[PDB]
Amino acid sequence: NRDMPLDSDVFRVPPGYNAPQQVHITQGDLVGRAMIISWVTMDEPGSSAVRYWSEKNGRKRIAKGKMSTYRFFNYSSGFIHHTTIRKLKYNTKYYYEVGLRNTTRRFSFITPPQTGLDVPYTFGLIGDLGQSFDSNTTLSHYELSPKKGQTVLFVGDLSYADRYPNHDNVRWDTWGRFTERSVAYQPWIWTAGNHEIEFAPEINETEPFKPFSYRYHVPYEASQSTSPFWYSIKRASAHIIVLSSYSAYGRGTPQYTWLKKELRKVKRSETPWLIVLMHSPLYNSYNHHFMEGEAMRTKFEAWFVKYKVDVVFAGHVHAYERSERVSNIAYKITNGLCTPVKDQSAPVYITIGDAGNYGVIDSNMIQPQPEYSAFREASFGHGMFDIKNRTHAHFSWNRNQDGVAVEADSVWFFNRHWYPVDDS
């Protein structure tokens, strides 16, 4: 176990009575004019109000949100606040304060630009963060990146609190305080991983995702989803679809039905970059969780080809892997066509679940490297998906053992819709 001890500086509780902690934000709407503000108070319920103001207009406003609590076995939570700030200005720095009654803590964010064809934007890519010492340097590598991530795409497995006895939910609080130094100033877009399931019938905890869902809200109604575990957002030139690997996705189910309709609503003339997130990779040549993505892949892979998804990000495997553009959609049971082929309409599949978890890397690879795998390496690190314009985005991967400006893997993406050419 390489988890940071409870006394670590990154887990420190902010001073002052009922001081807000575990502050975290995410996009609150479909197009970027809104922000969910989230924090926890531990001494008393406190106010769910958020004071905020833009640098441009300097008028202090109040939004009012809602508080909630939960229990998990013998654990009882602090007071969890979720407040949505709406009708924000584009491309604008706002300041926001939480804890208006007790002790007040102040933060800030920048709204993205209005969606558009050539609007540039830099996405962090982080998966399977955890709270090990490895997790802490990955976060450091992200925040010190000269490419300056503006939003993190998070592909599942947050706190790993379920590894503890009875899923010791204090390790959710520590994770929230630890990640605050980033997510309180820029949105993370949440994907549900398997360590969020927390299905523990032995301790009478049988509602999947219960802790995760109380602590991390997503703007899922903004895209007509009926569940927080699959949803869409638009931000700058990107359309991002979040799927749930451990929800139902059979034909006719809510997630299947929502994805079918959502892929049809995508307007590549406004958001050229089509990004999909799921926890479990559909392409993966590591031994760890080899072929667990087969189920979802059979259901959705053809749809990713059809709609010319640019890239699919996943975690789950604790390592890094970048596919070639391939598909394996010709199979008809008896026709023998079960080998992935090069398909220039396919997305690139990237496994980036290597941000540290609890300190274990997945090293065992199937050998030789299969044709469908382009690059892979068992190192800790994080990714950046730097969109330049409608045709070009630059993806890079940074290792924890390198300098923060070093790119150990690096490739240009040519947009599938606006410039379809062999970017290999």
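So that there is no doubt, residue numbering starts at 1 and follows the sequence shown.
Trainee: Give the stretch, out of 116 to 124 and 149 to 157, with the larger mean C-alpha temperature factor in the deposited entry.
Mentor: Averaged over C-alpha atoms, the B-factors run higher in 116 to 124.
Trainee: Could you check which stretch, 238 to 246 or 218 to 226, carries the larger mean CA temperature factor in the entry?
Mentor: Higher mean C-alpha B-factor in the PDB entry: 218 to 226.
Trainee: Select one of 306, 316, 325, 87: the residue whose C-alpha shows the highest B-factor in the crystal structure entry.
Mentor: Among 306, 316, 325, 87, the highest C-alpha B-factor in the entry belongs to 87.
Trainee: Have a look at 232, 174, 255, 345 and flag the one whose Cα has the highest B-factor in the entry.
Mentor: Out of 232, 174, 255, 345, the record gives the largest C-alpha B-factor to 345.
Trainee: Where does the C-alpha B-factor of residue 380 rank in its chain, lowest, middle or highest third?
Mentor: For residue 380, the deposited C-alpha B-factor lands in the lowest third.
Trainee: Quick check for you: using the entry's CA B-factors within this chain, is residue 368 in the lowest, middle or highest third?
Mentor: Highest third.
Trainee: Mind checking which third residue 321 falls in for C-alpha B-factor across the chain?
Mentor: Lowest third - that is where residue 321 ends up once the chain's C-alpha B-factors are sorted.
Trainee: Relative to the other modelled residues of the same chain, rank the CA B-factor of residue 408 and answer lowest, middle or highest third.
Mentor: Its C-alpha B-factor, which the entry lists for residue 408, ranks in the highest third among residues of this chain.
Trainee: Mind checking which third residue 251 falls in for C-alpha B-factor across the chain?
Mentor: According to the entry, residue 251 has a C-alpha B-factor in the chain's lowest third.
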